[PDB]
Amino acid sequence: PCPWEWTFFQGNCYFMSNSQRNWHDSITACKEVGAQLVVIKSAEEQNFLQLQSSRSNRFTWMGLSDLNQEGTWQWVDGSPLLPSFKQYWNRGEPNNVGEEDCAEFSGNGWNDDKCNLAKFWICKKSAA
């Protein structure tokens, strides 16, 4: 079903890292094992993820950014951020303070931060 020590959720497998890497570095790592920097597809999936971070209080990268075009948030799979996800941003976010182009789970919601900072991350890939 899911690789050793990965967590199963609705037909998908997730891996909450223990190391901290910058955003692009997080991507090549999920790459190595055939997974993707978690792209959130549904409210249910988001609650589950947000809880994985919330419960351990770790800042975690997700596969969402506005690197290509400031203000225009897009998932690593290319799908644009849906208006129905705005609610997930923490108050005042995304504020792009000092140029923040990457989304992370922070507190009970999301925050945009500098993509060069080292954070925990989550990989995702289809279950067996």
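Numbers follow the displayed sequence, beginning with 1.
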103 to 111 set against 11 to 19, stretch whose average Cα temperature factor tops the other in the entry: 11 to 19
Higher-scoring stretch by recorded Cα B factor average, 58 to 66 or 78 to 86: 78 to 86
Record-listed C-alpha B factor of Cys2: chain third: highest
Comparing against every modelled residue in the chain, figure out the third that the C-alpha B-factor of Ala127 lands in (lowest, middle or highest). highest
Among all modelled residues of this chain, ranked by Cα B factor, put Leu49 in the bottom, middle or top third, i.e. lowest, middle or highest. middle
Please place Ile27 in the lowest, middle or highest third of its chain by C-alpha B factor as given in the entry. lowest
In terms of the chain's CA B-factor thirds, is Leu37 lowest, middle or highest? lowest
